[PDB]
C-alpha cells in the first residue's frame, strides 16, 4: 500500500500507558530543514501548544522541545542519531507518568519530562520529507 501523505495529521487521545508508533523511512533530501518532524498539539490547530516536539537532523542531532504560549522552550539534544538515510525506522513514544520515553529500533534513547500534561494532546502531526508507512496510537 501507499505511503501516508505528508504532512500527516492524526486526532488522538493520550493517557499514561499510551504508545505512539511511527514507522517510515528518512532520506537526505533537504538543505537545512529536518528530515523528520513529530509534533504533539493540544488542539487540532497548528497555532495551539506543542506538548512534545521531536525532529531529526541526520548525522547531527535529534532535538526535542515544546512550544508553549508560542515560545519554543528548552531544547533537549541527542547526539545519538539512530536514523539513517534510506533505512526504515521504528519510532515508539511511550506516555509515562512523568516523561515520554522515546524508543527507536528497539532502543531506549531518551526520557523527555512532561511540560504539558499528555492528557491535553489532541492531535499528532508527522511531516518533513519522510516516507511514512504507519502512525498509530496503542492504549
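Positions refer to the first chain, counted from 1.
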item	value
Given 22 to 30 and 95 to 103, the range whose Cα B-factors average higher in the PDB entry	22 to 30
Mean Cα B-factor comparison, 35 to 43 or 57 to 65, giving the higher one as deposited	57 to 65
Where the record places residue 119 (Cα B-factor, split into thirds across the chain)	middle
Residue 76, C-alpha B-factor rank within chain (lowest, middle or highest third)	middle
Chain-wide C-alpha B factor ranking for residue 49, given as lowest, middle or highest third	lowest
